[PDB]
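Geometric and topological summary
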Amino acid sequence: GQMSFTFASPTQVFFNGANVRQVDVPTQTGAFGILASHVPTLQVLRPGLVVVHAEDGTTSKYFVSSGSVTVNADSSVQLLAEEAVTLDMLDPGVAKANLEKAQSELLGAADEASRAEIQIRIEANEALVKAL
Amino acid sequence: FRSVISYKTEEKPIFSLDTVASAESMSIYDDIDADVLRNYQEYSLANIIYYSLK
Amino acid sequence: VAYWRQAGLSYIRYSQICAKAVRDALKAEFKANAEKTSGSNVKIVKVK
Amino acid sequence: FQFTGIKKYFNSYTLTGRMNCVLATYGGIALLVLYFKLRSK
Amino acid sequence: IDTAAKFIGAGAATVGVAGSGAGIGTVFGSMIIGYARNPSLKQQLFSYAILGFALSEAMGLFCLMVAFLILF
Amino acid sequence: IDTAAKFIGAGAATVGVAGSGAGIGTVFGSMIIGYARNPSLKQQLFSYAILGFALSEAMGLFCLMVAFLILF
Amino acid sequence: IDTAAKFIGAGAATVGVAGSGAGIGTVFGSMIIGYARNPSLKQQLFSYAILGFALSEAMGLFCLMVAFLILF
Amino acid sequence: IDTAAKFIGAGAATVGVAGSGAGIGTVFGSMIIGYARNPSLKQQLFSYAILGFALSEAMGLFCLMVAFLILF
Amino acid sequence: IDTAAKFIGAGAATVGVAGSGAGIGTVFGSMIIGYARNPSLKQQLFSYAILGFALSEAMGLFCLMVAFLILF
Amino acid sequence: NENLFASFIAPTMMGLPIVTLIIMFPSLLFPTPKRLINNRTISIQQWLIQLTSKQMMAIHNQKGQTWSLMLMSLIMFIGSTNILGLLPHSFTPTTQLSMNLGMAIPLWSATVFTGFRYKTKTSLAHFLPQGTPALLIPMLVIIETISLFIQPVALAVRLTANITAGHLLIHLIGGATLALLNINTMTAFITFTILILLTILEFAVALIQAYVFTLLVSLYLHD
C-alpha cells in the first residue's frame, strides 16, 4: 500500500507510477520480495524473470537481463532494466541448442579470463531454459 | 532543451568514486557492500551518458 | 564477488554478454528490434 | 510363471543383489550366541 | 527408599522440559530478522511463529507428564 | 535395590529428548527468515519444514523408547 | 535416606535453566542485527524482545520452582 | 552420609551456568556482525549489548546462588 | 563413603566448563564473517572479539572455580 | 491437588503370531488391470507411482536407471505395512528387528559390489576426497571407513526403533484413558491428544522416503 513501481526499458516503458503490492526481482546476490514497505537497498541484477503480480486478478511474467533495483526511503521503487522482454517473443528451441555449444568451448579456452567470459555465457542460457 | 526555440547548456555531477558514495546517507541503507556498490555505481555512469546523448 | 570478479572484468563487460544472449534467442519477427539497438557505431580515437 | 515375467530382471541385478550369504553368515552366527546363553542359562 | 527413588527420577526428567526453551529462543528470536526485511506483519509471518511457538512447547510439555507419570 | 535403578535409568533416559526440543526450534525459526525474503510459501519451502520436523521427531520420540523399556 | 534424595533432586532440577539462557542470548542477538539493518527501534521490534525475554524465561523459571518442591 | 547429600547437589546444580556461559557468547557474536554493517557504534548498538549480558549472567549467577544453599 | 561425595562433586561440577567452550567458537566464528564485509579489522572489529572472548571464559572459569572449592 | 493422573501396569506385548499370512496380505490390496481405461480405484494408485518414479529417476541419469524399477517396489511394501498397523488390533511385520536386517544387508552390499565389478579402483578411491594435505591422512581413512560400515546398521535400526516407538504411545496414552475413573474432565484431553498423535503417526509414510532415498544416495555416490 502507498507504493510506486516504475519499470522502463531504454526504448519503452511498462509501468509509470502504478504499483501492485508485490514485485519479485532476481538479484545478483540472491533474491527478494517487495511487500509494501521493504527495508531499502541498492541492488543489481542477474539474468532471470521478473514476475510482477498485478492486482487485476493475475500476474505479469517479464524477463529482464541486467538492470538495477533501487527501493528507496519512501515506499517507492525504480526498477530499470536493459533488455526487458516478455516470454512469447523468445523461442525455447534455439535456447536449448545454445547451451551445450558454449559448454564445448569451455574446455577449449586456453586463457584464464577468456574462460571466465565463457562462464558468464553459460549462466545466462541456463536461466533461459528453466524460465521456459 | 526547453522548447523548439530555446535550449540550455546544463551541468550535472558524476559521483563515480565508491567512498564519496560512502557517507552518512548510505548507512541507513541495507546490506550493500563495497562490491555491490562497485557494480551499481558503474551502471549509473552508463545511464548518465545515455541521458546526455538523447 | 564471482568469477567475473577477481579475474579482471567490469560489470558492463558482464552486461554486454548476458544481454547479447537474449537477442540470439529471439524469433525471426523480433530480430529487427535486436538490430535496432545494436549500439556499435562510436569510433575510438586516442592520440597515442 | 512367477519366473519368466521377471527372469530378465533377475540375472541383471542378482549379480550383486543376491548376496544374502553375508546375511546368511551374519544370521547363522547370530543363531549361535543365543543357543549358547541358554545352554549356560 | 520409596520416596528416595521417586523424587530423583522426577527432578532428572524436568531437565528435558527446559531443553525446548532453547528452541523458542530461536523461534521467537528469528522473527526479528524476518520482520525487518519485510513488514508484512499480520500475514502468515506472525502466524508461522505460533506454528513454531506451540509446537516447540509441545516438546516442552511432552516430558512434564512423564515426570508426573513417575511421581506416582 | 534396582527399583531405584529402574527409575534413574529411566530418569536419565528422558533428557536425551532435550536436543529435539530445540532442534525443531531451529527449523521453524529458520523458516520465517526463509519466507520473509521470498513469499512463495505454497512451494517446496513449507514442504521442507515438515520433513525437517518429522525427521527430527523421528530422532525425538525413540529416545523415549528406551525410557519405557527400562521401566517395563 | 530422605535427605539424600531431596538435595540431589533439586540440583538435578536446576540444570535445565542453562537451556534458557542459551536461547535468551539469541533474542537480543537477533535484535542487535535487527536494528542495525533498519532503525525501527521504537516501533514493534524492541517490544518483541520484551516479549522474547518474558516468554523463554517462563520456560526457565518454572524449572526452578520444580526444584523447590523437591527441596520442600 | 548426611554430609554426602550436601556435596552431590551443588556439583549437579553447577552445570546450570554452562548454557548461560554460552548464552553470553552469542550476544557478542552478533555485535561483530552487527556493527560491520552500520557504524553507529557509540549509540544504542553497544548500549543494548550491555543489557543483554548483565541480564543473562545474572540468571546464571542465581543458579550459582542455589549452589551455595545446597552447600550450606 | 566420605571419599565418594568428593568425586561426584568433582565430576559433575567440571561438566559446566563445556558450555563456555562452545561460546568462544561463536565469537571467533563471527569475527570471520564480520571482517568479510568491511575490512576495518584492526580497529574495534577485532577488539570486540577479545572483549567477548575474555568475558565468556570468565564465566567458564567461574564454573571451574567451584570444582576446587567443593573438592577441598 | 486437583487433577491426579493414574497409570496402569501391564506388559506391552510384541508377540509373534503366524507371519507369512500377514506379509502376503498387503499385496492383495493393490490390483493390476489388463485394460486401457481403468476403474477409478487403481487409477489413483497408478497416478501415485508416476509421481515418485519421477524423483528417484531424476538424480541418477545413467545406465544405473535399470536399478530404479525395483526401488519403487521397496517403497510400496513398507509404505503399506507401516500404514496397515494403525488399525485397532493389527500386526506390522516391520516392528520386529529380524526382517529389517534382511532388508538392509542384501541391498546395501548390492551397492558396494556394483562399482567393484566395473570400476574396481575408483569406487573406494572415493575415500580420497581432495588435494591431499599431509597432517591428516591417518585421521581421515580411519574415519571415512568407520562411517561406511555403520551404514547397514544405520539403515535398518532407524526404521525399527521409531516405528515401534509410535505404537507404545498409542497404548500408554490410550491405556491411561481406560484407567481414568477419577475426574472426568481430563479424560477428553487425553483423548484429544490421541487423535492428534494418530495424525503424527501418518509419518509412517514419511519414513519410507527416508529409506528409499538414503538408499539412492548410497547408490548414486558409489555409482
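Residues numbered from 1 in each chain as written, not as in the entry; some residues may be left out. Chains lettered and ligands numbered in written order. Part of a larger assembly, values for the part shown. Heavy atoms only, no water. Residues with missing side-chain atoms left out of burial classes, pairs and counts.

Header annotation of the entry names cryo-EM as the structure determination method and lists the resolution as 3.45 Å.

Chain E carries the name Mitochondrial H+ transporting ATP synthase subunit c isoform 1 in the PDB entry, which gives Sus scrofa as its organism. What the PDB entry is called, per its title line, is "Cryo-EM structure of the mammalian E-state ATP synthase". Among the UniProt annotations of chain E, the heading Sequence similarities (unreviewed entry) holds the following wording: "Belongs to the ATPase C chain family." UniProt annotates chain E under Subcellular location (unreviewed entry) with the comment "Mitochondrion membrane". (UniProt positions renumbered as here; feature names shortened; annotations may be inferred.)

As named in the PDB entry, chain B is ATP synthase subunit gamma, taken from Sus scrofa.

**Focus: the packing of helix α4 (residues 73-80) of chain J against helix α9 (residues 206-220) of chain J**
Residue and element names in this part refer to chain J. Two elements in contact, α4 and α9, have axes whose closest approach is 9 Å; the angle formed by their N-to-C orientations is 155°. In terms of orientation, α4 and α9 fall into the roughly antiparallel class. As α4 runs across α9, the sense of the crossing is right-handed. Together, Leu 74, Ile 75, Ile 78 and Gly 79 of α4 and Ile 208, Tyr 211, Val 212 and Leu 215 of α9 make up the contact between the two elements. When its residues are assigned to classes, the contact of α4 with α9 shows seven nonpolar, one polar and no charged. (Axes fitted to C-alpha atoms, helices over the stretch in contact; angles between N-to-C directions. Helix = DSSP H or I, 4+ residues; strand = E, 2+ residues; numbered from the N terminus. Parallel < 35°, antiparallel > 145°, perpendicular 65-115°, else oblique. Left-handed = near helix turned anticlockwise from the far one by under 90°. Contact = heavy atoms within 4.5 Å. Nonpolar A, V, L, I, M, F, W, Y, C, P; charged D, E, K, R; others polar.)

**Description of the pattern of salt bridges**
What the rule picks out here adds up to eight salt bridges over all chains. Two residues, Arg 21 of chain A and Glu 55 of chain A, come together in a salt bridge whose shortest N-O distance is 3.2 Å. Taken together, the positions of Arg 21 of chain A in the loop between β2 (13-15) and β3 (23-27) and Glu 55 of chain A in the loop between β6 (48-53) and β7 (59-64) put the pair 34 residues apart, joining distant regions of the chain. Ionic pairing is found between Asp 33 of chain B and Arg 37 of chain I, a salt bridge with its closest N-O pair at 2.6 Å. Separated into two different chains, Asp 33 of chain B in the loop between α1 (24-27) and α2 (36-53) and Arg 37 of chain I in the loop between α2 (17-35) and α3 (41-71) make up a pair that spans both. On the accessibility criterion, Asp 33 of chain B (24% relative accessible area) is partly exposed. (Salt bridge = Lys/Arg side-chain N within 4 Å of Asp/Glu carboxyl O. Buried < 20%, exposed > 50% of the residue type's maximum accessible area, 1.4 Å probe, protein only.)

**Some details on α9 of chain J**
In a regular helix each residue adds 1.5 Å, so 15 residues correspond to 21 Å; α9 of chain J covers 21 Å between its end C-alpha atoms and thus fits that length. The set of residues buried in α9 of chain J consists of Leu 207, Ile 208, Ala 210, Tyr 211, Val 212, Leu 215, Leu 216, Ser 218 and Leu 219 of chain J. The secondary structure elements touched by the buried residues of α9 of chain J are α3 (44-61) of chain F together with α3 (68-71), α4, α5 (97-100), α6 (105-115) and α7 (150-178) of chain J. (Expected span 1.5 Å × (residues − 1).)

**Focus on the packing of aromatic side chains**
Evaluation of the coordinates by the stated rule reveals 19 aromatic pairs over all chains. Each ring, one from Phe 15 of chain A and one from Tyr 62 of chain A, has its centre 6.3 Å from the other, and the planes form 90°; the classification is edge-to-face. Taken together, the residues span a long stretch of sequence, with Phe 15 of chain A in strand β2 and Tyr 62 of chain A in strand β7 at a distance of 47 residues. Here the aromatic rings of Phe 46 of chain G and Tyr 48 of chain H are separated by 5.4 Å at their centres, their planes lie at 10°, and the arrangement is stacked. Within this pair, whereas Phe 46 of chain G is found in helix α5 (residues 41-71), its partner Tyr 48 of chain H is found in helix α4 (residues 41-71), the two belonging to separate chains. A residue is classified by how much of its surface remains accessible, and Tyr 48 of chain H, at 15% relative accessible area, is buried. (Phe/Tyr/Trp six-rings, centres within 6.5 Å; stacked < 30°, edge-to-face > 60°.)

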